[PDB]
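A short worksheet on the structure shown next.
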Amino acid sequence: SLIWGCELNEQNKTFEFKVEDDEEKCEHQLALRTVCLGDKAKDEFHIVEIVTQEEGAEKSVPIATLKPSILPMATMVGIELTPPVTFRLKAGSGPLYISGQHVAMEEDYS
Amino acid sequence: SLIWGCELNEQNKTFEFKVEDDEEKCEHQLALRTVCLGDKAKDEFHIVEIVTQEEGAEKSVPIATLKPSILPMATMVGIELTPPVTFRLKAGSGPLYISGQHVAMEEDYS
Amino acid sequence: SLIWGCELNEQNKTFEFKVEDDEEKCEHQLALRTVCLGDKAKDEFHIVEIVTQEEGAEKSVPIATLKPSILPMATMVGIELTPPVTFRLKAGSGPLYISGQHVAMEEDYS
Amino acid sequence: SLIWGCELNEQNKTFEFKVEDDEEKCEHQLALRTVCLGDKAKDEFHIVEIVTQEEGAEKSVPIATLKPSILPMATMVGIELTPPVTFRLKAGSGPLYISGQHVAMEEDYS
Amino acid sequence: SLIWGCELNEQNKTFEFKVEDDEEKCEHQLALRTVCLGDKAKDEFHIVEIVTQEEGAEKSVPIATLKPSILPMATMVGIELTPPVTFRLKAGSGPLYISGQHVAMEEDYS
């Protein structure tokens with residue numbers, strides 16, 4: 001269970017998540033828990049999406065929209081992703097810090 | 001586990017959820033997690049309901065009422081629906097983005 | 001699993017929940033999920049209680065206090081009641097919409 | 001599963017929880033769910049603690065700090081206490097209503 | 001299951017968690033539940049992180065950012081740490097009270 005953190009900002013409107021192939025030995029995903037505003041964040045709506053492929057096209061999932069004047073935080077409940085993953089901001093300058101865990105589910109044939 | 005997203009707006013006061021019949025092979029429902037305001041949303045109360053049939057009549061379930069000045073967001077906990085489903089706005093212009101998963105429960109005779 | 005909704009207002013300061021005796025065949029309770037402000041709700045504190053009998057007297061349990069200016073909503077987590085049940089407003093004009101399910105636990109002798 | 005409610009106020013800065021010895025037959029604790037402001041509550045920070053003995057000294061656990069202007073409510077998740085218990089206000093006038101259940105875990109030797 | 005509480009303040013920008021070696025007999029971690037503002041807390045952003053070693057370097061995990069004017073509280077869900085642990089404030093004067101349990105998982109070879 002590795003510990004992971006990243007940031008989505010105006011230089012990082014698109015971020016790519018890819019765990020190292022070694023952890024792919026025990027079948028691996030990414031579990032996400034918290035998202036918080038950065039120190040350079042502006043007072044606007046910051047729309048973070050989780051992005052993968054659906055129907056062969058780039059599918060985006062609006063997860064949160066952080067704003068200092070409404071709610072600059074998010075607690076990510078039950079969100080588990082298959083690497084590679086994309087994190088996007090369709091609007092906003094950031095930074096928005098993403099915190100999660102590189103989780104590797106153990107062999108379970110029960 | 002397909003990934004689903006839609007929007008309820010003033011052109012989409014009523015939205016119809018129907019998964020493709022193929023996923024009906026392994027018995028299927030829709031699990032919902034998050035709802036967020038759209039970029040064209042206005043500052044008013046936006047009442048989203050989940051709608052099915054009860055007693056033979058159209059039964060609505062007020063789920064959320066999003067408003068930028070009070071709470072423009074909702075985290076949908078433990079909400080699982082049987083397709084076809086209806087999503088309604090009894091008031092509001094939208095858009096309000098709905099995010100969930102096409103979940104298909106596996107055969108479990110335990 | 002029947003779907004249930006009611007409203008506590010100034011004409012409905014006390015509401016009585018009683019499921020039909022047929023669902024009493026498979027042992028039955030009421031599970032509650034969400035509560036939202038009504039369209040005629042005023043800007044005041046609306047104190048909803050779940051009421052049953054304790055020590056032989058009318059026992060009330062303050063569950064929520066909805067107000068448009070503080071928090072007009074509630075997400076009811078882990079609340080399961082034995083019918084008949086009473087829902088009360090010790091203050092407020094309403095309406096406050098209550099959403100839940102008539103749940104009937106199946107025979108489980110494990 | 002008895003139903004319990006109390007209030008911490010300026011006359012009740014310290015409250016003592018003690019279930020009757022009869023329920024001690026089946027091994028008993030107290031599970032807490034919700035806390036709400038009283039009707040006589042003032043606009044200040046009301047710091048409620050759960051208090052027991054640690055290292056032989058009076059140990060307090062700040063659980064919540066209710067205030068009408070910030071957040072007058074709390075939903076107590078996963079809080080289970082061994083009677084006798086103390087509930088304290090290190091600041092505030094109250095009342096603050098505490099709601100929970102006298103829970104008695106059944107014999108389970110599995 | 002020992003009960004633990006600490007505070008991160010301007011004299012305690014860095015706090016070290018280390019359980020006594022005796023509890024290391026039954027394999028031990030720290031489970032965290034609540035965080036609340038101190039009585040001497042100021043109106044600023046107080047960024048608490050959980051810190052351990054990753055890639056051989058000091059890795060920090062922004063957990064919360066408490067502020068009286070936005071949200072002075074946090075409910076820590078599903079957070080379990082391996083002692084020794086570090087708790088940091090990258091900004092803020094504190095105090096910020098951390099509440100948790102010294103939990104020791106029992107032998108389970110199932």
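Lettering and numbering for the structure tokens are positional, with chains as A, B, ... in the shown order, residues counted from 1 in each chain, and ligands counted from 1 in the shown order.
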Onto chain D, please fit chain C by least squares using all C-alpha atoms in order, then return the transformed chain as an mmCIF file with N, CA and C atoms, in the first residue's frame.
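Result written to out16.cif:
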data_model
loop_
_atom_site.group_PDB
_atom_site.id
_atom_site.type_symbol
_atom_site.label_atom_id
_atom_site.label_comp_id
_atom_site.auth_asym_id
_atom_site.auth_seq_id
_atom_site.Cartn_x
_atom_site.Cartn_y
_atom_site.Cartn_z
ATOM 1 N N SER C 1 -31.689 -3.123 22.854
ATOM 2 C CA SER C 1 -31.220 -1.844 22.335
ATOM 3 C C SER C 1 -32.101 -0.699 22.824
ATOM 4 N N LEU C 2 -31.807 -0.198 24.021
ATOM 5 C CA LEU C 2 -32.574 0.900 24.597
ATOM 6 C C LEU C 2 -32.200 2.203 23.902
ATOM 7 N N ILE C 3 -33.100 3.186 23.952
ATOM 8 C CA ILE C 3 -32.850 4.450 23.267
ATOM 9 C C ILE C 3 -32.570 5.538 24.295
ATOM 10 N N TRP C 4 -31.482 6.281 24.093
ATOM 11 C CA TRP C 4 -30.953 7.192 25.095
ATOM 12 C C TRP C 4 -30.795 8.597 24.530
ATOM 13 N N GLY C 5 -31.074 9.580 25.378
ATOM 14 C CA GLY C 5 -30.851 10.970 25.039
ATOM 15 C C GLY C 5 -30.594 11.793 26.282
ATOM 16 N N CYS C 6 -29.675 12.746 26.149
ATOM 17 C CA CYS C 6 -29.318 13.617 27.263
ATOM 18 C C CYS C 6 -28.995 14.999 26.713
ATOM 19 N N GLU C 7 -28.618 15.908 27.611
ATOM 20 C CA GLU C 7 -28.276 17.275 27.236
ATOM 21 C C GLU C 7 -27.140 17.798 28.105
ATOM 22 N N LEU C 8 -26.158 18.423 27.462
ATOM 23 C CA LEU C 8 -25.072 19.105 28.152
ATOM 24 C C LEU C 8 -25.276 20.615 28.084
ATOM 25 N N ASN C 9 -25.490 21.230 29.243
ATOM 26 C CA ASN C 9 -25.810 22.651 29.310
ATOM 27 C C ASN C 9 -24.962 23.295 30.401
ATOM 28 N N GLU C 10 -25.298 24.541 30.747
ATOM 29 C CA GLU C 10 -24.492 25.271 31.722
ATOM 30 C C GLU C 10 -24.729 24.766 33.141
ATOM 31 N N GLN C 11 -25.921 24.238 33.424
ATOM 32 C CA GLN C 11 -26.145 23.479 34.649
ATOM 33 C C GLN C 11 -25.671 22.038 34.537
ATOM 34 N N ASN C 12 -25.388 21.565 33.325
ATOM 35 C CA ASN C 12 -25.001 20.180 33.097
ATOM 36 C C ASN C 12 -23.682 20.140 32.325
ATOM 37 N N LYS C 13 -22.695 20.909 32.794
ATOM 38 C CA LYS C 13 -21.378 20.885 32.166
ATOM 39 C C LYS C 13 -20.750 19.501 32.245
ATOM 40 N N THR C 14 -21.073 18.740 33.287
ATOM 41 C CA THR C 14 -20.639 17.360 33.427
ATOM 42 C C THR C 14 -21.856 16.454 33.549
ATOM 43 N N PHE C 15 -21.906 15.428 32.702
ATOM 44 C CA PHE C 15 -22.993 14.461 32.739
ATOM 45 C C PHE C 15 -22.395 13.073 32.891
ATOM 46 N N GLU C 16 -23.060 12.230 33.675
ATOM 47 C CA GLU C 16 -22.580 10.886 33.961
ATOM 48 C C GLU C 16 -23.504 9.866 33.311
ATOM 49 N N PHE C 17 -22.930 9.000 32.480
ATOM 50 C CA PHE C 17 -23.659 7.907 31.853
ATOM 51 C C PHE C 17 -23.388 6.610 32.607
ATOM 52 N N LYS C 18 -24.460 5.986 33.089
ATOM 53 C CA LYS C 18 -24.381 4.684 33.735
ATOM 54 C C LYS C 18 -25.646 3.898 33.425
ATOM 55 N N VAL C 19 -25.498 2.825 32.651
ATOM 56 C CA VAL C 19 -26.624 1.953 32.346
ATOM 57 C C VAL C 19 -26.941 1.104 33.570
ATOM 58 N N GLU C 20 -28.197 0.671 33.678
ATOM 59 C CA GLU C 20 -28.596 -0.165 34.801
ATOM 60 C C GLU C 20 -27.890 -1.514 34.730
ATOM 61 N N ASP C 21 -27.661 -2.113 35.901
ATOM 62 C CA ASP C 21 -26.867 -3.336 35.973
ATOM 63 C C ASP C 21 -27.534 -4.499 35.249
ATOM 64 N N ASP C 22 -28.858 -4.449 35.070
ATOM 65 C CA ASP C 22 -29.558 -5.541 34.402
ATOM 66 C C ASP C 22 -29.033 -5.748 32.986
ATOM 67 N N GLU C 23 -28.895 -4.672 32.211
ATOM 68 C CA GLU C 23 -28.353 -4.767 30.862
ATOM 69 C C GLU C 23 -26.897 -5.211 30.847
ATOM 70 N N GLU C 24 -26.221 -5.204 31.997
ATOM 71 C CA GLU C 24 -24.865 -5.733 32.069
ATOM 72 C C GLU C 24 -24.824 -7.251 31.946
ATOM 73 N N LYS C 25 -25.981 -7.921 31.968
ATOM 74 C CA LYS C 25 -26.006 -9.364 31.756
ATOM 75 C C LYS C 25 -25.492 -9.746 30.374
ATOM 76 N N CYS C 26 -25.886 -9.002 29.343
ATOM 77 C CA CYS C 26 -25.414 -9.200 27.979
ATOM 78 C C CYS C 26 -24.540 -8.005 27.624
ATOM 79 N N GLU C 27 -23.294 -8.269 27.217
ATOM 80 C CA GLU C 27 -22.226 -7.320 27.536
ATOM 81 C C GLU C 27 -22.433 -6.008 26.786
ATOM 82 N N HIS C 28 -22.407 -4.910 27.540
ATOM 83 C CA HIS C 28 -23.112 -3.697 27.149
ATOM 84 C C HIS C 28 -22.156 -2.537 26.904
ATOM 85 N N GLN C 29 -22.523 -1.692 25.938
ATOM 86 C CA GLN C 29 -21.849 -0.435 25.653
ATOM 87 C C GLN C 29 -22.891 0.591 25.228
ATOM 88 N N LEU C 30 -22.419 1.797 24.928
ATOM 89 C CA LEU C 30 -23.274 2.869 24.443
ATOM 90 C C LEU C 30 -22.787 3.343 23.081
ATOM 91 N N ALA C 31 -23.674 3.296 22.089
ATOM 92 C CA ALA C 31 -23.344 3.730 20.740
ATOM 93 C C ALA C 31 -24.012 5.068 20.468
ATOM 94 N N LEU C 32 -23.246 6.020 19.953
ATOM 95 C CA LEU C 32 -23.745 7.376 19.785
ATOM 96 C C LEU C 32 -23.834 7.749 18.312
ATOM 97 N N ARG C 33 -24.907 8.464 17.971
ATOM 98 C CA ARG C 33 -25.181 8.794 16.578
ATOM 99 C C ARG C 33 -25.249 10.289 16.281
ATOM 100 N N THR C 34 -26.023 11.066 17.042
ATOM 101 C CA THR C 34 -26.252 12.455 16.659
ATOM 102 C C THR C 34 -26.155 13.381 17.863
ATOM 103 N N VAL C 35 -25.792 14.633 17.578
ATOM 104 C CA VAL C 35 -25.725 15.704 18.563
ATOM 105 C C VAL C 35 -26.272 16.962 17.906
ATOM 106 N N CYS C 36 -27.161 17.663 18.608
ATOM 107 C CA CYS C 36 -27.795 18.845 18.030
ATOM 108 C C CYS C 36 -27.863 19.958 19.067
ATOM 109 N N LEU C 37 -27.933 21.200 18.593
ATOM 110 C CA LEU C 37 -27.985 22.337 19.505
ATOM 111 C C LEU C 37 -29.329 22.381 20.221
ATOM 112 N N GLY C 38 -29.319 22.895 21.449
ATOM 113 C CA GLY C 38 -30.553 23.093 22.181
ATOM 114 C C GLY C 38 -31.239 24.393 21.804
ATOM 115 N N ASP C 39 -32.469 24.546 22.299
ATOM 116 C CA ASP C 39 -33.237 25.754 22.015
ATOM 117 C C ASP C 39 -32.711 26.962 22.779
ATOM 118 N N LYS C 40 -32.009 26.741 23.887
ATOM 119 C CA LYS C 40 -31.436 27.814 24.688
ATOM 120 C C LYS C 40 -29.950 28.002 24.414
ATOM 121 N N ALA C 41 -29.431 27.374 23.362
ATOM 122 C CA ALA C 41 -28.013 27.471 23.048
ATOM 123 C C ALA C 41 -27.651 28.881 22.601
ATOM 124 N N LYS C 42 -26.455 29.314 22.984
ATOM 125 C CA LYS C 42 -25.944 30.625 22.617
ATOM 126 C C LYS C 42 -24.983 30.509 21.438
ATOM 127 N N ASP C 43 -24.622 31.663 20.876
ATOM 128 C CA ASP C 43 -23.712 31.713 19.734
ATOM 129 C C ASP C 43 -22.271 31.751 20.244
ATOM 130 N N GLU C 44 -21.784 30.576 20.636
ATOM 131 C CA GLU C 44 -20.406 30.421 21.073
ATOM 132 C C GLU C 44 -19.961 28.994 20.791
ATOM 133 N N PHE C 45 -18.679 28.740 21.038
ATOM 134 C CA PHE C 45 -18.107 27.420 20.809
ATOM 135 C C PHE C 45 -18.347 26.515 22.016
ATOM 136 N N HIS C 46 -19.006 25.383 21.763
ATOM 137 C CA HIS C 46 -19.470 24.466 22.801
ATOM 138 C C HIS C 46 -18.715 23.151 22.641
ATOM 139 N N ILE C 47 -17.691 22.940 23.468
ATOM 140 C CA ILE C 47 -16.746 21.845 23.271
ATOM 141 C C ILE C 47 -17.153 20.671 24.152
ATOM 142 N N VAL C 48 -17.735 19.646 23.524
ATOM 143 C CA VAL C 48 -18.156 18.410 24.175
ATOM 144 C C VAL C 48 -17.046 17.374 24.050
ATOM 145 N N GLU C 49 -16.734 16.733 25.179
ATOM 146 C CA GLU C 49 -15.717 15.701 25.296
ATOM 147 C C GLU C 49 -16.320 14.439 25.891
ATOM 148 N N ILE C 50 -15.773 13.298 25.477
ATOM 149 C CA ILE C 50 -16.020 12.010 26.119
ATOM 150 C C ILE C 50 -14.851 11.732 27.055
ATOM 151 N N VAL C 51 -15.157 11.402 28.307
ATOM 152 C CA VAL C 51 -14.180 11.373 29.387
ATOM 153 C C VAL C 51 -14.221 10.009 30.063
ATOM 154 N N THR C 52 -13.045 9.403 30.204
ATOM 155 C CA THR C 52 -12.836 8.187 30.981
ATOM 156 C C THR C 52 -11.484 8.295 31.683
ATOM 157 N N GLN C 53 -10.980 7.168 32.182
ATOM 158 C CA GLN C 53 -9.724 7.139 32.921
ATOM 159 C C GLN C 53 -8.610 6.586 32.044
ATOM 160 N N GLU C 54 -7.508 7.332 31.957
ATOM 161 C CA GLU C 54 -6.301 6.885 31.273
ATOM 162 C C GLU C 54 -5.099 7.209 32.147
ATOM 163 N N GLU C 55 -4.215 6.224 32.317
ATOM 164 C CA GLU C 55 -3.033 6.339 33.173
ATOM 165 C C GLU C 55 -3.419 6.646 34.620
ATOM 166 N N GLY C 56 -4.669 6.363 34.985
ATOM 167 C CA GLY C 56 -5.181 6.683 36.297
ATOM 168 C C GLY C 56 -5.703 8.094 36.449
ATOM 169 N N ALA C 57 -5.562 8.934 35.428
ATOM 170 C CA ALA C 57 -6.003 10.318 35.489
ATOM 171 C C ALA C 57 -7.237 10.527 34.621
ATOM 172 N N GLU C 58 -7.926 11.641 34.864
ATOM 173 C CA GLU C 58 -9.116 11.988 34.096
ATOM 174 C C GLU C 58 -8.714 12.416 32.688
ATOM 175 N N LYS C 59 -9.028 11.568 31.713
ATOM 176 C CA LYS C 59 -8.682 11.809 30.316
ATOM 177 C C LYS C 59 -9.932 12.268 29.576
ATOM 178 N N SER C 60 -9.797 13.375 28.850
ATOM 179 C CA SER C 60 -10.886 13.939 28.068
ATOM 180 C C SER C 60 -10.579 13.809 26.582
ATOM 181 N N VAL C 61 -11.629 13.594 25.799
ATOM 182 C CA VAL C 61 -11.522 13.482 24.348
ATOM 183 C C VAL C 61 -12.457 14.497 23.704
ATOM 184 N N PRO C 62 -11.947 15.650 23.276
ATOM 185 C CA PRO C 62 -12.784 16.591 22.526
ATOM 186 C C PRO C 62 -13.420 15.917 21.319
ATOM 187 N N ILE C 63 -14.743 15.788 21.368
ATOM 188 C CA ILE C 63 -15.515 15.168 20.300
ATOM 189 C C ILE C 63 -16.071 16.206 19.338
ATOM 190 N N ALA C 64 -16.698 17.259 19.858
ATOM 191 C CA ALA C 64 -17.307 18.243 18.968
ATOM 192 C C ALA C 64 -17.263 19.629 19.597
ATOM 193 N N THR C 65 -17.431 20.653 18.755
ATOM 194 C CA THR C 65 -17.509 22.037 19.208
ATOM 195 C C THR C 65 -18.632 22.748 18.462
ATOM 196 N N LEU C 66 -19.837 22.712 19.021
ATOM 197 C CA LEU C 66 -21.004 23.219 18.310
ATOM 198 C C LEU C 66 -21.125 24.731 18.465
ATOM 199 N N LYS C 67 -21.569 25.381 17.387
ATOM 200 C CA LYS C 67 -21.750 26.825 17.336
ATOM 201 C C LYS C 67 -22.785 27.143 16.266
ATOM 202 N N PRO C 68 -23.814 27.937 16.581
ATOM 203 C CA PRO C 68 -24.847 28.234 15.571
ATOM 204 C C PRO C 68 -24.312 28.895 14.312
ATOM 205 N N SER C 69 -23.240 29.676 14.425
ATOM 206 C CA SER C 69 -22.715 30.423 13.290
ATOM 207 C C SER C 69 -21.715 29.640 12.448
ATOM 208 N N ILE C 70 -21.295 28.452 12.883
ATOM 209 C CA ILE C 70 -20.333 27.673 12.109
ATOM 210 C C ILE C 70 -20.917 26.310 11.763
ATOM 211 N N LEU C 71 -21.208 25.506 12.784
ATOM 212 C CA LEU C 71 -21.878 24.215 12.611
ATOM 213 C C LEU C 71 -22.484 23.805 13.948
ATOM 214 N N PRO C 72 -23.808 23.916 14.074
ATOM 215 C CA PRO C 72 -24.468 23.554 15.340
ATOM 216 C C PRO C 72 -24.759 22.065 15.487
ATOM 217 N N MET C 73 -24.262 21.210 14.593
ATOM 218 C CA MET C 73 -24.658 19.808 14.588
ATOM 219 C C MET C 73 -23.440 18.903 14.502
ATOM 220 N N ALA C 74 -23.643 17.641 14.864
ATOM 221 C CA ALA C 74 -22.610 16.632 14.679
ATOM 222 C C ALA C 74 -23.280 15.274 14.499
ATOM 223 N N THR C 75 -22.736 14.484 13.576
ATOM 224 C CA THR C 75 -23.153 13.105 13.361
ATOM 225 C C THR C 75 -22.043 12.176 13.832
ATOM 226 N N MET C 76 -22.300 11.463 14.925
ATOM 227 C CA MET C 76 -21.253 10.710 15.607
ATOM 228 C C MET C 76 -21.106 9.337 14.959
ATOM 229 N N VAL C 77 -19.977 9.124 14.286
ATOM 230 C CA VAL C 77 -19.752 7.913 13.507
ATOM 231 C C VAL C 77 -18.769 7.014 14.240
ATOM 232 N N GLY C 78 -19.177 5.767 14.467
ATOM 233 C CA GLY C 78 -18.317 4.763 15.060
ATOM 234 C C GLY C 78 -17.861 5.049 16.473
ATOM 235 N N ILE C 79 -18.720 5.621 17.314
ATOM 236 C CA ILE C 79 -18.366 5.974 18.684
ATOM 237 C C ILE C 79 -19.117 5.058 19.643
ATOM 238 N N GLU C 80 -18.364 4.213 20.348
ATOM 239 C CA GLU C 80 -18.902 3.218 21.268
ATOM 240 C C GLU C 80 -18.136 3.308 22.580
ATOM 241 N N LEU C 81 -18.862 3.470 23.685
ATOM 242 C CA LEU C 81 -18.266 3.797 24.972
ATOM 243 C C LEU C 81 -18.640 2.762 26.026
ATOM 244 N N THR C 82 -17.749 2.605 27.009
ATOM 245 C CA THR C 82 -17.939 1.645 28.091
ATOM 246 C C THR C 82 -18.447 2.361 29.333
ATOM 247 N N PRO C 83 -19.665 2.080 29.792
ATOM 248 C CA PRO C 83 -20.179 2.768 30.977
ATOM 249 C C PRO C 83 -19.454 2.305 32.228
ATOM 250 N N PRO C 84 -19.291 3.183 33.228
ATOM 251 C CA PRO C 84 -19.705 4.599 33.264
ATOM 252 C C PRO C 84 -18.868 5.494 32.350
ATOM 253 N N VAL C 85 -19.471 6.547 31.798
ATOM 254 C CA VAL C 85 -18.787 7.482 30.910
ATOM 255 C C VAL C 85 -19.085 8.889 31.412
ATOM 256 N N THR C 86 -18.208 9.843 31.104
ATOM 257 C CA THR C 86 -18.489 11.240 31.406
ATOM 258 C C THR C 86 -18.580 12.038 30.112
ATOM 259 N N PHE C 87 -19.538 12.956 30.047
ATOM 260 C CA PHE C 87 -19.615 13.922 28.960
ATOM 261 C C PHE C 87 -19.402 15.319 29.520
ATOM 262 N N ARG C 88 -18.476 16.057 28.913
ATOM 263 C CA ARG C 88 -18.052 17.341 29.456
ATOM 264 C C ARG C 88 -18.179 18.443 28.417
ATOM 265 N N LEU C 89 -18.375 19.666 28.905
ATOM 266 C CA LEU C 89 -18.225 20.889 28.118
ATOM 267 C C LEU C 89 -17.084 21.689 28.733
ATOM 268 N N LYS C 90 -15.972 21.809 28.004
ATOM 269 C CA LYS C 90 -14.893 22.626 28.560
ATOM 270 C C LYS C 90 -15.137 24.104 28.285
ATOM 271 N N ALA C 91 -16.059 24.407 27.376
ATOM 272 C CA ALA C 91 -16.551 25.761 27.178
ATOM 273 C C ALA C 91 -17.937 25.694 26.552
ATOM 274 N N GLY C 92 -18.761 26.683 26.871
ATOM 275 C CA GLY C 92 -20.099 26.751 26.320
ATOM 276 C C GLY C 92 -21.182 26.674 27.380
ATOM 277 N N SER C 93 -22.359 27.195 27.030
ATOM 278 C CA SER C 93 -23.489 27.226 27.949
ATOM 279 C C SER C 93 -24.532 26.155 27.659
ATOM 280 N N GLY C 94 -24.585 25.638 26.434
ATOM 281 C CA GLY C 94 -25.559 24.634 26.079
ATOM 282 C C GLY C 94 -26.954 25.210 25.947
ATOM 283 N N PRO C 95 -27.971 24.340 25.866
ATOM 284 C CA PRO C 95 -27.909 22.869 25.872
ATOM 285 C C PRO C 95 -27.442 22.269 24.549
ATOM 286 N N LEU C 96 -26.835 21.089 24.623
ATOM 287 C CA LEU C 96 -26.432 20.301 23.462
ATOM 288 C C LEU C 96 -26.974 18.894 23.672
ATOM 289 N N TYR C 97 -27.913 18.486 22.824
ATOM 290 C CA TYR C 97 -28.594 17.210 22.985
ATOM 291 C C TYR C 97 -27.789 16.091 22.337
ATOM 292 N N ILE C 98 -27.567 15.028 23.108
ATOM 293 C CA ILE C 98 -26.807 13.851 22.714
ATOM 294 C C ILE C 98 -27.815 12.727 22.520
ATOM 295 N N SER C 99 -27.749 12.044 21.377
ATOM 296 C CA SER C 99 -28.649 10.936 21.086
ATOM 297 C C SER C 99 -27.868 9.672 20.753
ATOM 298 N N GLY C 100 -28.261 8.574 21.392
ATOM 299 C CA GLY C 100 -27.590 7.308 21.176
ATOM 300 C C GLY C 100 -28.457 6.143 21.603
ATOM 301 N N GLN C 101 -27.824 4.975 21.687
ATOM 302 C CA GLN C 101 -28.489 3.731 22.043
ATOM 303 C C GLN C 101 -27.681 2.987 23.096
ATOM 304 N N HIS C 102 -28.390 2.521 24.121
ATOM 305 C CA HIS C 102 -27.878 1.514 25.040
ATOM 306 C C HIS C 102 -27.845 0.192 24.287
ATOM 307 N N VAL C 103 -26.668 -0.192 23.800
ATOM 308 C CA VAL C 103 -26.526 -1.391 22.984
ATOM 309 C C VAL C 103 -25.913 -2.487 23.841
ATOM 310 N N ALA C 104 -26.458 -3.693 23.724
ATOM 311 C CA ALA C 104 -25.924 -4.832 24.451
ATOM 312 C C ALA C 104 -25.540 -5.919 23.463
ATOM 313 N N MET C 105 -24.235 -6.075 23.244
ATOM 314 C CA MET C 105 -23.744 -7.094 22.327
ATOM 315 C C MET C 105 -24.069 -8.472 22.888
ATOM 316 N N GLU C 106 -24.636 -9.303 22.016
ATOM 317 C CA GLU C 106 -25.027 -10.663 22.343
ATOM 318 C C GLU C 106 -23.801 -11.561 22.433
ATOM 319 N N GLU C 107 -23.958 -12.685 23.129
ATOM 320 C CA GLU C 107 -22.882 -13.660 23.237
ATOM 321 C C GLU C 107 -22.470 -14.148 21.855
ATOM 322 N N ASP C 108 -21.178 -14.030 21.558
ATOM 323 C CA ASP C 108 -20.652 -14.408 20.249
ATOM 324 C C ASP C 108 -19.281 -15.032 20.469
ATOM 325 N N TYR C 109 -19.234 -16.363 20.499
ATOM 326 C CA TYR C 109 -18.000 -17.106 20.715
ATOM 327 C C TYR C 109 -17.392 -17.609 19.410
ATOM 328 N N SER C 110 -17.906 -17.151 18.273
ATOM 329 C CA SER C 110 -17.388 -17.556 16.971
ATOM 330 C C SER C 110 -15.952 -17.078 16.771
#
Name the residues of chain A that come out as helix (DSSP H, G or I) in a backbone DSSP run; write them as JSON, numbers by chain.
-> {"A": [21, 22, 23, 24, 25]}
Please identify which residues in chain B DSSP calls strand (DSSP E) from the backbone, and express them as number ranges by chain.
-> B: 2-8, 14-17, 28-37, 46-54, 57-66, 73-81, 85-91, 96-104
